[PDB]
Amino acid sequence: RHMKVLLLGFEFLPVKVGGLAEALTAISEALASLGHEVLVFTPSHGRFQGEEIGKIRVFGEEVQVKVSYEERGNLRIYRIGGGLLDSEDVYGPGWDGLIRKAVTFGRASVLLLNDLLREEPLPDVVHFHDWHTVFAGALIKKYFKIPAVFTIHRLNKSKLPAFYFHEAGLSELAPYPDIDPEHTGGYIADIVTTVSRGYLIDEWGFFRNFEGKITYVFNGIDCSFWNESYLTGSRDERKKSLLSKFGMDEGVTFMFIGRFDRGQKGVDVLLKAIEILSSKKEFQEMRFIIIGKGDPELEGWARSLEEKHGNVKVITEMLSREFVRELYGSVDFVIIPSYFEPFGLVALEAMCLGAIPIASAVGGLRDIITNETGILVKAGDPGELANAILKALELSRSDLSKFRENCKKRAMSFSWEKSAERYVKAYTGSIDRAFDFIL
Amino acid sequence: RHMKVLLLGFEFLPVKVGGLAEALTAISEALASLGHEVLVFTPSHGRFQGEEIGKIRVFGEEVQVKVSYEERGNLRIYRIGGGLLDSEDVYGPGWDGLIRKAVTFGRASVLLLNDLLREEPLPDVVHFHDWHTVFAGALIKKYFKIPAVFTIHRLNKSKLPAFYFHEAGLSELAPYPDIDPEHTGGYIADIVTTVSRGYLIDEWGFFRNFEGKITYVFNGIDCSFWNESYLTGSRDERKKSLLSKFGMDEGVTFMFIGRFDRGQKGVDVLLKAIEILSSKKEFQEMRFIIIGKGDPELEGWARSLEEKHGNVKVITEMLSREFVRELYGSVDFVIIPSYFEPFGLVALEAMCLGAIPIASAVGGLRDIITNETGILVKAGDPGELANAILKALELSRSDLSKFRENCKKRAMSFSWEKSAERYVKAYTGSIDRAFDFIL
Amino acid sequence: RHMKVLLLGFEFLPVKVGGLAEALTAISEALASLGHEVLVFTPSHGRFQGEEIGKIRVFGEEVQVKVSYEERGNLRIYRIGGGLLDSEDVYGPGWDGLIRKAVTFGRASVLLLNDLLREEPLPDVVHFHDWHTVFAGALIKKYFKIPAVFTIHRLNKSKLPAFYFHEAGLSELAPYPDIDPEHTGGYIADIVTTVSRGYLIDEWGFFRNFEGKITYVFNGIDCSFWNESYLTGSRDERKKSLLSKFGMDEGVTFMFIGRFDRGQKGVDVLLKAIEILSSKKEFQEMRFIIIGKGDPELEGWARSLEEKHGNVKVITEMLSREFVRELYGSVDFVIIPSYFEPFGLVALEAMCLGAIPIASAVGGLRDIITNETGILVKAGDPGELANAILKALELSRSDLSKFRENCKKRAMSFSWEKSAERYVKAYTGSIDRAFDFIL
Ligand SMILES: O=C1CO[C@H](CO)[C@@H](O)[C@@H]1O
């Protein structure tokens, strides 16, 4: 039954950059709750000031390794400091520093584990996440010979000069002048995983190289927070109240939240879709809340539509989670026009608070959304999005209470416990995997 | 101690071409009797109609894979249908039909395992039997990386085109235009086994290639089934009753139960042996029952002797295992004049039920039969076979009850439990093996 | 754990050549006491009666293998005879003969393990000691695929011709014309160990080749025997009684217990130091007892000093093991001027009995002797040894009583039990090791 897991993560709470830190801490906590002893190795990034445990040679220079320690139940956390690991720029400083930081983290992890084997047994598996932890996972695999699992949360698609592999003591893994560290991590790993079944299919051109040892393991949502119990009144009352705060009157309400960028979150597709619809008679029946920032040309374009249309509103700030929870619980639909999506947490967050997703049929959004829980659409096509929005409006005159209930039931099925239980399977190879010849 | 075993066989009761089906069923039940969890994959051959579990691409076409499930204690059987696996011709249709049936068995077996691994732990070993299951054994070894034991029940000694290894997804196993699948099986296996010590010596020219990881595991005999307790009355009473059934009076009885072919079970040597004795005076004081079929020329020749003499009978139709038991318990002797013999399951069936075997001194028959439990003869020689039959008629006057009693006691020592116990040793490597330098 | 251990050693009590025989027996019994099943294979060296267990081919010749069996609780000892294994010359006969004997031990060990695996499980680890057993270790690892651990007690630093590896069935381990068998033993080993941290450091030029899988495991000492409890009277009484036997007065007594012709114990350093001290006034307070025998030139030098000084005593006759215990337990200081010392059992024997060691700072003597337990000197320097002896007379202020108490505490902590436990960590790989980048 019970196992001893070594989890290598390049970021961990309270260090927060993207969504990974939160994701790895949830996995690590969930594993611990199942009764597994979980050890976490992660850089301190200048957040913690630990005790000096030893010295290592890295890039022809001496470096004193420091360690900060926390223990919560079966979870044991180690923040490793020393050299570039004390640099606050989590993914830095610069492309050069980040790679050196990853290499130092690799040799520091071997030092720390080596000291632990002085008083305790070898871990059953080494679970390492993303290309930044590859040097650590490769080194631990190389010397201690324990099973390795590699999880890719998002493909970076970029090669590193052979130089950095030679310095990490992994020369044999660098037979060419440049190496993709995600290909190297998949090569040395026993089982490779990714965060959705759809993303695995979308990026098969790459994942194909690990046919028969590549699988999917879904992330989870904490619908202990994302939940309607924190909201008061009925949905209509909440929706009428929210719209008053925005300075709009009653209408079918659509919501976008995300970065304003190109070929990514698709706010540009949404904006063109609003322009297409603006000539239709049923446009003045629709309400649009667009939240986020980034590309200032897209922010200006977004602010032009707010200026030209009283039923469109834009907010270029990062709102709190409490305020976003109330937004998901008030709006009718959430629009997710992504060009690609590894998982799609925004969908789950909206679905748990009863908002109906209209999303691009890409990556994990295909796995999350179904016929009876939302609308999928062809990605990168404003006309087809505008048409999906028109179809969402006719639905709205019917009782959508069944749609909303199905969303809440489904979203809550994506638990972190289910996610953890399935990693335990991957750790022993007792798991299914992707084969090209299965139809 | 206890292990999850995945057993791959091409033949399984109630499907029955030769003694292979009975061998694989008994092994599987014996493994299960010892407390081990045994999963059997085997083709349906059109005898079982099952539920679809998915689809696979094989030879550029979509093939629907179906499964029929039977649970019987710790033994779990999966008859796999789809494409040529639905063909009623077990070892066909023809040479190429059998090969692509074997390739289909490979990818279908991966699909089923992949699906089982979605809700259960990975098996500790894969035990695959004869060259027909090599595609399945190799694929499961390649991807799932579990220990593999290859057991050869009969050596076919031929090569398949590389085309079929390419189509099976095993290009790295076919570096020439034509490939012996028995060499491939041995190569990729951790421990190779055959069904007797005598056959290992006889075919050392081949087995020599896997020196250091090659051994023998004797087949057994289900003396709980093959027993005189199911029969009633005395032996002479059953003997007289059976002889009168085919329209013959009392007299010493010899039996043959084997497939009609040129250089295998030796029906050609028996028929010519009968022609030598027909000129002699003792022929009228002898009875013959020649059960089997196959080759048209030999079928006509066996049929011709039946027409000439009211002394010889021939049965071509499918006899039950219950009726074959009754024949063994009635007849005085059993002739087993094979050119080669991997084991000799007919020998132990005859001996356990009381009949005295007359066998060729080849392969497993040397291990089974001794001077105190039967008559050994030079293989491929009709003269010495005829000579041994006359020596059998000399003993028929003497109460040879010790032959019958020593046969019973000797046959009982070859239990399937011992065979099962010894296969468990093979699965972990804890078994003795043949070395080139060990004389 | 309760693992099953197969231990390989070229000598084993009662066959004594160096210290290896006693050191392996103590390791084996300690493991047996901790509840592990231990199997020892060792050559008979023409000493013990055995029964034949089969034949092997070596060097184009047929050899009859013989075995003697001894059982002692959980310890099971197999002394393997046959061919050159019947040679009484332990490390012979001659250099070529010794290599052939070592090769014969390889194929004979494979034959014995092969027969044992007919009726018992495969051992969990193969633990082989020094280069003489590398043909056995490598062959067992090759065929049976079980975890290997290679312990170096002493480095011989020579290369053997490729011929011998080809005859041992290990052609793949000899791609060059000449091969260092100590390199070969580490390469094929999963974890390599050596008998001290200090000797690991001294020979890092060699051990660095197995960086990441090389570690140390100290030898031990039997403080059930080397104990003051057996000695009657106080230490003062014993020393005075000792000095009157040898015909001297009271004084600070120094002792040397080592074989002269064993150059590696620097008795010539001591003798020169005594000459340096003889011109000093405080020499008349010193008493010396040199024990051992060897070179006529060196014995003459010792017996010359014995003649010139009533201070000095030279004993060449073979002493009792009980008597040597009483010497350690009544002298003040023991001098160990070794040029090198992988462990330093003599220092522990003195310390466990209260004698304060004055020793060369080489190999395991650095690990055994601390500032609170004894005196470390620069190796091979008579002048620095003379100073150490002078400094010792100052400590003879009566506060060397705490030195003796510290020595007994420290000596006892080097038990064979603690050594056996750390080897068990080595067999699983759950142990700290030496890395190149850990400074
Ligand atoms: O000689 C034989 C060879 O194959 C089978 C074993 O799989 C036996 O049943 C048969 O008697």
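Every chain is numbered from 1, with letters handed out A, B, ... down the list of sequences. When reading the values below, keep in mind they use all heavy atoms of this one structure, side chains included, and skip hydrogens, waters and symmetry mates. We count ligands from 1, going down the list as the structure has it; atoms in each ligand are counted the same way.
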Is there any protein N/O under 3.5 Å from an N/O of ligand 1, and what does the full list of such pairs look like?
{"unit_1": "ligand 1", "atom_1": "1 (O)", "unit_2": "B:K265", "atom_2": "NZ", "d": "3.4"}
{"unit_1": "ligand 1", "atom_1": "1 (O)", "unit_2": "B:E341", "atom_2": "OE1", "d": "2.7"}
{"unit_1": "ligand 1", "atom_1": "1 (O)", "unit_2": "B:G344", "atom_2": "N", "d": "3.4"}
{"unit_1": "ligand 1", "atom_1": "7 (O)", "unit_2": "B:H153", "atom_2": "ND1", "d": "2.6"}
{"unit_1": "ligand 1", "atom_1": "9 (O)", "unit_2": "B:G19", "atom_2": "O", "d": "3.4"}
{"unit_1": "ligand 1", "atom_1": "11 (O)", "unit_2": "B:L345", "atom_2": "N", "d": "2.7"}

ring-ring contact (aromatic ring centres under 6.0 Å, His included) against B:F260, all qualifying residues, sequence neighbours excluded: none
Contacts of B:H129 that satisfy ring-ring contact (aromatic ring centres under 6.0 Å, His included) - sequence neighbours left out: B:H127, B:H153
Is it the case that more than 12 heavy atoms not belonging to B:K141 sit under 6.0 Å from its NZ atom? yes
If you look only at pairs with a residue in residues 311-347 of chain B, which of them pass as a disulfide (SG to SG under 2.5 Å), with sequence neighbours excluded? none
Hey, is B:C223 close enough to B:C352 that the SGs sit under 2.5 Å? yes
The test is ring-ring contact (aromatic ring centres under 6.0 Å, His included); show your working for B:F254 and B:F256 and say whether it passes. CA-CA 7 Å; B:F254 307 84; B:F256 171 93; over 10 Å; no
